[PDB]
Structure formats: C-alpha cells, structure tokens
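Residues in the sequence shown are numbered consecutively from 111, following my numbering.
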Amino acid sequence: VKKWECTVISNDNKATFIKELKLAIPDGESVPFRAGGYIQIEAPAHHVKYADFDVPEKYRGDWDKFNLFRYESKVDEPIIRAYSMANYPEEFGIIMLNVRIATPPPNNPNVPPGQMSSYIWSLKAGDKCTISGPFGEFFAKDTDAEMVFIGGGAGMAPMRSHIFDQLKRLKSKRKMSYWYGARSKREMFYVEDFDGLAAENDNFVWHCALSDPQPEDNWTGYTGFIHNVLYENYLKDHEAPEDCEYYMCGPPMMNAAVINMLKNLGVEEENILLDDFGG
Ligand SMILES: Cc1cc2nc3c(=O)[nH]c(=O)nc-3n(C[C@H](O)[C@H](O)[C@H](O)COP(=O)(O)OP(=O)(O)OC[C@H]3O[C@@H](n4cnc5c(N)ncnc54)[C@H](O)[C@@H]3O)c2cc1C
Ligand SMILES: [Mg+2]
Ligand code: NA
C-alpha cells in the first residue's frame with residue numbers, strides 16, 4: 111500500500127450536496143487502481159466552518175433554506191475514510207472523487223457534522239490531500255452479459271469509472287445502460303461525458319430520472335424514482351432480466367428500492383453487485 115501527498119486541482123460543486131474533488135498525483139504518476147475501486151483520504155486534526163465553504167449561488171438554495179452554513183466541525187485526532195475513484199485507470203495522473211457532504215440530519219440538527227466530508231469540503235485549489243491505496247472489491251465481472259448500471263448521489267463516481275473502463279480501456283461491445291436518479295436538473299453532472307459516450311457507442315445508452323423537477327428545469331424527461339423508471343421503461347418488457355448483471359450504487363433508500371425491485375423480477379443475488387457506502 112502506497113501513500114501520495116496530492117495537490118487539489120479543484121473542488122467544485124456538481125450538485126447541491128456533492129463536490130468533485132480533483133487531485134493531482136505527484137510527478138504525474140498514477141494510482142494503479144481498478145474501476146470500482148477506492149482510495150482512503152486521511153485528515154490531520156483540524157477545525158472547519160461550513161460558512162467558509164465555496165458553494166455557488168446555483169446550489170445554495172437548500173443551504174439557505176435549512177441554515178446549513180451554521181455548522182462547524184472540530185476534529186481532535188487524525189481520521190481516515192474511503193472514497194471511490196470517478197476516473198477510470200487510463201485517466202492518468204489524477205484521482206477524481208465525488209464527495210457527498212454528510213450534514214447533521216434535519217431531524218437531528220445539533221449532532222456533529224460528518225467529520226471527513228466536512229474536511230474535504232473545506233479544501234480549495236492548492237491545498238494538499240493525502241491519499242493511500244488503492245483498494246477495492248466492486249469490480250466488473252468478466253463475462254459478455256448485458257450490464258445495467260444504476261446510480262444515485264455520489265454513486266456516480268464508481269459508475270463513471272466502470273462505464274468508461276468498459277468502453278475506453280476494454281473496448282467492450284457488451285450491451286450497457288446507465289440509469290441515474292436525482293432530485294432535479296441542477297443535481298445532474300457528467301452529462302457531457304455520458305452523452306458523448308452514448309453518441310459514440312451504439313452499445314451504450316443512459317437515462318436520468320428526476321424525482322422533483324423544478325419549474326426552471328423545463329424538464330421533459332423521465333420523472334420519478336429510478337427503480338420505477340428502470341422497471342417501467344426497460345425491465346418490465348425485457349425478455350430475460352435475470353441474465354443481466356446489475357451494478358448499483360446510491361443512497362440507502364435507492365439501494366433498497368432498486369434491490370427489492372430486481373428481486374421481485376426474479377434476479378438472483380449473484381447478479382446484483384452493490385457498492386455500499388454505508389450511509
Ligand atoms: C468502500 C467505500 C467507498 C466509499 N466511497 C464514497 C464516495 O465515493 N463518496 C462519498 O461521498 N462517500 C463514500 N463513502 C462513504 C465515506 O467513506 C464516508 O462514510 C462518508 O463520507 C461519511 O463520513 P464522514 O466522516 O463525513 O461522516 P461521519 O463523521 O462518519 O458521520 C456520518 C453522519 O452521522 C452524523 N452524526 C454524527 N454524530 C452523531 C450522533 N451523536 N448521533 C447521530 N448522528 C451523528 C453526522 O452528521 C453525519 O451525517 C464510501 C464508503 C466506503 C466504505
Ligand atoms: Mg449539477
Ligand atoms: Na448510444
């Protein structure tokens with residue numbers, strides 16, 4: 111296991127509650143990881159204020175609505191946490207992460223904010239970030255079966271890594287689709303990336319479903335929760351959904367609803383691979 115003291119290239123919001131942390135590896139080297147894998151970030155003792163975070167006005171609505179800038183996080187001893195690569199292995203020299211900020215639950219507002227994610231959200235371009243690894247178990251199976259990727263929230267990271275690894279490094283012709291659920295259009299990201307792959311690869315398609323599209327979205331795409339949209343628009347009519355491989359990563363409510371849906375279809379657990387962030 112190696113450690114790298116990386117430099118933060120950027121740490122921009124991609125969604126209301128998700129930042130994309132981009133890290134430059136020293137000397138241009140790469141972490142020798144597999145898609146679906148993860149690194150660990152370690153943080154020293156520190157103290158951060160949410161009021162100091164850089165959150166663009168476009169994403170600030172819920173932050174103001176719930177007074178999330180009230181929070182502070184004091185960490186007296188080093189801590190360490192896993193985060194999944196959003197880049198694939200031939201995106202060299204960098205580690206890209208998608209980090210959800212783990213705020214106090216709205217029903218429990220005076221408990222401490224999430225320690226490591228509040229630290230990551232405090233990082234700005236030029237800061238140093240120590241990572242170690244790589245690790246992993248959420249690896250793609252080596253078959254020719256159709257793949258169905260299902261993502262929500264920061265689960266975008268290992269899905270992006272997997273899908274790019276299949277199409278760019280493995281040059282796979284397997285049938286592949288990606289279904290991503292989000293609340294409204296501002297919560298979407300990597301749209302240029304996946305639109306690009308879908309235009310260039312006739313074996314790949316992707317869909318987004320919004321559960322609460324906003325008036326400003328002018329949304330005419332799928333609406334609702336992703337397990338309903340995947341079922342209604344693809345799996346219901348599928349001639350053999352039990353023969354696909356399902357790769358899923360999302361928030362806990364999404365994981366549970368998707369897995370329940372798949373099992374009611376008769377998919378067996380061997381064909382359902384969950385990357386559980388432990389929410
Ligand atoms: C293999 C792996 C890969 C992962 N990849 C990703 C990834 O790519 N992106 C990502 O976002 N996450 C990922 N995770 C999850 C991630 O490691 C952290 O668990 C996550 O960031 C939360 O950690 P934290 O330190 O911010 O929050 P913690 O300090 O662990 O707190 C978690 C939550 O509990 C609340 N809390 C604190 N004190 C109390 C109390 N007394 N009572 C009740 N509640 C309390 C906090 O407000 C917070 O919401 C991954 C996890 C694993 C295992
Ligand atoms: Mg966005
Ligand atoms: Na396509």
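Virtual Cβ for every residue (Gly too), placed ideally from N, Cα, C.
Bounding residues of the alpha helix (DSSP H) (the contiguous stretch that carries residue i)
i, result
"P362", "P362 to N374"
"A267", "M266 to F274"
"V141", "Element bounds for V141: n/a, residue is neither H nor E."
"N338", "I336 to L340"
The beta strand (DSSP E) enclosing residue i, as first and last residue numbers
i, result
"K129", "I128 to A134"
"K113", "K112 to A125"
"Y229", "That residue, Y229, is in no beta strand (DSSP E); its alpha helix (DSSP H) goes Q225 to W231."
"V258", "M257 to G262"
"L384", "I382 to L384"
"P244", "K238 to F245"
"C359", "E355 to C359"
Within 8 Å, strictly: CB atoms of residue i and residue j
i, j, result
"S271", "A366", "no"
"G243", "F143", "yes"
"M358", "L384", "yes"
"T126", "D162", "no"
"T333", "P325", "no"
"residue 390", "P361", "Since the displayed the chain opens at 111 and closes at 389, residue 390 lies outside it and no answer follows."
"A319", "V339", "yes"
"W329", "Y288", "no"
"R210", "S183", "no"
"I189", "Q225", "yes"
"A155", "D186", "yes"
"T240", "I369", "no"
"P223", "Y193", "no"
"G306", "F335", "no"
"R284", "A264", "no"
"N121", "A212", "no"
"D327", "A145", "no"
Cutoff 8 Å: residue i Cβ touching any chain C Cβ
i, result
"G138", "Of the protein chains in the structure, only one exists, and it is not chain C."
Cβ distance (whole Å) where residue i is taken to contact residue j below 8 Å
i, j, result
"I205", "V141", "6 Å"
"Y198", "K124", "Incorrect: roughly 18 Å between the Cβ atoms, too far for contact."
"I135", "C116", "6 Å"
"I382", "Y356", "5 Å"
"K168", "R293", "So it is not a contact: roughly 14 Å between Cβ atoms."
"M269", "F299", "Not a contact, Cβ separation roughly 12 Å."
"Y148", "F245", "5 Å"
Task: Residues passing the C-beta test against ligand 2 heavy atoms, cut-off 7 Å - done: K124, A125, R296, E297, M298 and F299
TODO: Run through the segment 268-333 for me and flag every whole alpha helix (DSSP H) of 4 or more residues, listed as ranges in chain order.
DONE: 301-310
TODO: Please specify which runs of the beta strand (DSSP E), each continuous and at least 3 residues long, are wholly inside the segment 147-221, giving them in chain order.
DONE: 148-153, 156-159, 182-185, 189-194 and 204-210
TODO: Could you please go through the chain and list the residues whose beta-carbon is closer than 6 Å to any non-hydrogen atom of ligand 3?
DONE: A308, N311, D312, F314 and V315
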